[PDB]
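Chemist: Take a look at the following structure, please.
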Amino acid sequence: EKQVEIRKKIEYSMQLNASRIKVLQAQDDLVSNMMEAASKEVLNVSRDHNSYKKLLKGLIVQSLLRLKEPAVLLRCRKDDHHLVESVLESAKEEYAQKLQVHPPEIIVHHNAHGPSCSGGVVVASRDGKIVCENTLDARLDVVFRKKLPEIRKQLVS
Amino acid sequence: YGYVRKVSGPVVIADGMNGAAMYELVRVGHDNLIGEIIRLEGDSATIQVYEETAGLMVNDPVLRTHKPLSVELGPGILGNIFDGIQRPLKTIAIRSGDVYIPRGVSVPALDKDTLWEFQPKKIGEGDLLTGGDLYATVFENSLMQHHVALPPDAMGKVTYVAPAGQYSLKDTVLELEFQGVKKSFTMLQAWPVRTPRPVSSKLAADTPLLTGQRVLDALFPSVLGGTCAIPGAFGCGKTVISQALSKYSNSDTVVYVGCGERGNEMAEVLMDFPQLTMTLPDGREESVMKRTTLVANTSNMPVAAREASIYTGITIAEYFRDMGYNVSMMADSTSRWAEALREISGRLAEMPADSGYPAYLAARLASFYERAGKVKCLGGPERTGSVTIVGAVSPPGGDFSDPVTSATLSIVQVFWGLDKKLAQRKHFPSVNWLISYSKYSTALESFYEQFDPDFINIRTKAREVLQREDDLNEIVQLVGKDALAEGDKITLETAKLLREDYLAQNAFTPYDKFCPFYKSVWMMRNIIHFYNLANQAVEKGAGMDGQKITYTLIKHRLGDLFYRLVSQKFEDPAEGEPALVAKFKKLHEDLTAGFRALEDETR
Amino acid sequence: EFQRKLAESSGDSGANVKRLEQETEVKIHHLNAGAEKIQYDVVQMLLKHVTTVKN
Amino acid sequence: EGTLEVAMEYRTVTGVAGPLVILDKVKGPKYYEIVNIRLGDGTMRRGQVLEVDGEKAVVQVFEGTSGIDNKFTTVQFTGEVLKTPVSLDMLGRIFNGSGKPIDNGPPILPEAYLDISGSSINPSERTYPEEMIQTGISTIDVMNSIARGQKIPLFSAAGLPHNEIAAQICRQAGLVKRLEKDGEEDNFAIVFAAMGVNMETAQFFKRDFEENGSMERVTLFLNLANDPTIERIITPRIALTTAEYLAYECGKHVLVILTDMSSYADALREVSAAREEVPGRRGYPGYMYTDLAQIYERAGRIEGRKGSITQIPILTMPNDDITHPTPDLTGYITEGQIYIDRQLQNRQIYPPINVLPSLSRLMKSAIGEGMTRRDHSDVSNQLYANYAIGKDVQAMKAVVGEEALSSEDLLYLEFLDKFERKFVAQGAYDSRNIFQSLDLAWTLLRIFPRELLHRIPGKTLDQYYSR
């Protein structure tokens, strides 16, 4: 009888653990829904064509300043390639303004498919040894990772 | 100025140093971590970081300071808790509400805004003053006055001395003019952590320590300004001896610098000493926090901070000795310090020596210990003060072949060698009386002679009895007490009585909390007199038997005196010397009645 | 007595299981409601952080 | 805070020796920066930066180095130190070595990321272990007791049942104050961290925790022997960080069982050897003391919070000794030492705890008239003395013969027999109340006459010598 009641208590504990695990899994599922919605919004952001160019210029400036390399080779999606080709030397001028350095000899070819890119640029350096992945999908999942505690704090009830 | 190149553990190599002298403290990174130079190879210089090095970049700026490791002195240094790099811990805990110690905190070692009372020592305008002269006294707290002295590297004529009143360390309390130029002085005094403070001349100590514990104060004494070494044992040792040296010692102040020890033990010490109402004055119950100071650096603290903690502790000892007090510094460190040297030496890729310790371990331990000794102070008035170094050694689990142990015993004058076997048997003071020694037994001759002109002989007799018992213990372990004669039997009886009555002490009760010298010497004289009289009686051989028959006669028909002897340890010191002395004199008279009354009927 | 005790234990276990299921359903409903309420603000904050560059 | 930067990705893996990959031509390399390694096959490992020098940087890899190529192996600098996510949901779950959940559940939703090797506690803010926890085992309760916030490492050798007694302590640990102590905060919320454990031991601990009804309370971080070696040098740090968050920032008393610290010294040895550093004793790294201090000094009550952390790191001596560097340093740092002797196991006593080598520095604080019988210290100090002197007597009688022994010698031998048999031995599932343990100890003591009881004071004798 003692071991029967002990096994019954163990079964009750296992049921409680299963219930709490189901609750936690539903929480994670809601977080995944949040991530999917954020990805959809990020994809929708690519529809713009005027502030989108400014954002691309800012991204390329940030990446080139982070590498601080003599010769990068930027890679951009075939879609909106015209925007990158248009911004062109503006980024080089901005970088040369940032510090007293000769303008980088950028090179722009192969492009990854749209959904893989979803905006943003990959800059890298000659021989591809050092790679900077400033894709919009890459900026996301880092902001998400950092802000996740704030997300849980927002999910009080 | 300079920038980081390499970051491995706590060793950082920063290029661009060029003219960066050795041990010139540098500040590393945006977080501004303290740090001392340890090696140079050209434009780059190795640095010890004294803090966690996680998160250092490459080309992260490093700023030089041109100043070696320095501790800030002055009023309020007493009764505080400082990190190894001398950060006020309570100040950090209050100023920042966070309970943690944040990385790279920059807090002054001493508060620069507290108002302190100033009492100039009759120094007139146009007078001549010199290094270490004692121009003003400040009452840091009741029952502990703090004299203020000029730094040893200062001199000049007194153009302006501040009047008596409330002052803060930011104010200039004194002005001097020398060699055609003038200099100012505040109540602060920065001093390099190494390069010990100057002394007019050293002296040979004569006053004993007279600590609370009976074994230490009687068998293996230490002099004020002496040098000791206990094997850092727990339950005993690091706790009971520390308490005796802190709250029940004649040293005018205490400096506990135990670093590289357990955090729970440090918290217990730092929470128990706040109350600690020791009767240091004649009729006052002032807490010893107005008398001591902690330089605690736990084990988890950075490895490079151990040497800094030890040297700051000994430097603080020097400031007080210079004022005039007889400071006594206790270091639960020097067991973790050797480990710190091994860590830094190995990381610096130094060639190891015997047993892997750096070859210069003896040199460092000497440069630390040899800063002890009573010293005639600098400046006017004439004055005298001392520093005592009761350090720690590896626990009694390793033989004396340990390089740290051999290095200590090659320098230390008094060895309170605690034995683990006594700790198993729960003998709490735990000093092994066969292996301990005190080279100060010759200098204390005058004090022993003046206190009691017959103590030396009774001490030698007690030593002989203990040695004889330890000698024939091996023989008994083979044959047994069957062959033991009258002399051997009485010697073992007296040795057992001495071991359980004299050499033990509970220290958790008023019977053995603090045994004054008079009570201890009276116990010794009583026991030795009993031994001598019993030996004479058994040598008389009256009644045709004498001998062991007389021994049984005195152990049975005269055993009340024996019980009073073994219970003499319970004479309450609170009753006062005129009462305990009378009680012991009466017990001595009763003992003299025995072995004469026992000889009356010829056994 | 033993049969009654085991029957009562089985009934109590069933009641506890039902209570756990009801509490789980309530918790899932609460979490879904909160996520639906705060999703747009969360996504707006995320996009604002993603779509900004300094220098 | 303003804008972020996506982590750089490199390919210049110019050197791979053992558990270390040596990157090159890197810029802005943080120290202890956590890196992500994507191999040619596409699997992702995670590593740490042990050393930064010029443009180079040496990276150890947790999951091993079985596939790195100088051409395809991509490494990415996250630019931050390790941060294990923590939440109240972390209770009642079982994890891998590095924190990945292995309970088939979802990953932790973090309340916050707390950097490993958490911020140092200013000693001016700690408090000495005040309350005592009842260990159930009588030998621990009567001598070598354990107070909340203590660091008691169980010293054992290969084959001894250290895991069994650890599980018994986990099942039996509880408060003692006036025998009065729901207590959900009083529930010890055990955090169990196993490093280098045979799979049988892990299954045993899992089953014991499940059976004891604590599955909603305990937490398991496992680094099995077959699991990569390097993760053993991170698992206890993760466990201690989780314990710190569960205790200090959540107000729960927390108990920690680090298992096989020698399996951590082995990881230290492997890492140090792989870096060609100067060795120490027996070839162990010269800074093993610093690492052991960092891993032990993270337990103890804190003044500003109602929580507490009490850890019981069990240890395995290599050749059943103490001079070995790891048990030696652990004895130096930790405030206690419980000794399990092969001699007792050979005599078939389930708790083989040798009460003579045992020691607890904070024993004098846990006991007292306010929470224990007034005679506890006397009782312990007398049993210890009689056992030690009786052992000496038995050693003497081993050569002089049983006939040469005296009446006191026979009393001491009988005391030894009944102490090692009736007192030390205890049921594998039966506890002993502290007062019941003291009653048993008094029964053991009352063998000797009142005269021989030198340590016990007469005041406690009058109230207890008869009972």
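We number chain B the same way Swiss-Prot does; the residues here are 21-623, in that order.
The deposited model was determined using electron microscopy, 3.9 Å.
Note that Cβ sites are derived from N, Cα and C of the backbone, with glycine treated the same way.
Not my notes, these are from Swiss-Prot:
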- B:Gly252, B:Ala253, B:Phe254, B:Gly255, B:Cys256, B:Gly257, B:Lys258, B:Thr259: ATP binding site (BINDING)
Chemist: Applying the rule Cβ within 8 Å of the centroid of the Cβ atoms of B:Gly252, B:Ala253, B:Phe254, B:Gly255, B:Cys256, B:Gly257, B:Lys258, B:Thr259, what extra residues of the same chain belong around the ATP site?
Modeler: B:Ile250, B:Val260, B:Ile261, B:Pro415, B:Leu438
Chemist: If you measure Cβ to Cβ, which of the binding-site residues B:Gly252, B:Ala253, B:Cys256, B:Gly257 are under 8 Å from chain D?
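Modeler: Out of B:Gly252, B:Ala253, B:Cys256, B:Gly257, none lie under 8 Å of chain D.
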Chemist: Going by DSSP, is B:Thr259 (ATP binding site) sitting in a helix, a strand, or coil?
Modeler: helix
Chemist: Would you identify the secondary structure of B:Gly252 (ATP binding site) according to DSSP, in three states?
Modeler: coil
Chemist: Among the binding-site residues B:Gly252, B:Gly255, B:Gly257, which residue has the fewest other Cβ atoms within 10 Å of its own Cβ?
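Modeler: Counting other Cβ atoms within 10 Å of each of the binding-site residues B:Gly252, B:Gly255, B:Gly257, the minimum falls on B:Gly255.
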Chemist: Please give me the CB contact count at 10 A for B:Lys258 (ATP binding site), counting all chains in the structure.
Modeler: 24
Chemist: B:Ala253 (ATP binding site) has how many other Cβ neighbours within 10 Å of its own Cβ?
Modeler: 24
Chemist: Measure from the Cβ of B:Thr259 (ATP binding site) and count the other Cβ atoms within 10 Å, all protein chains considered.
Modeler: 20
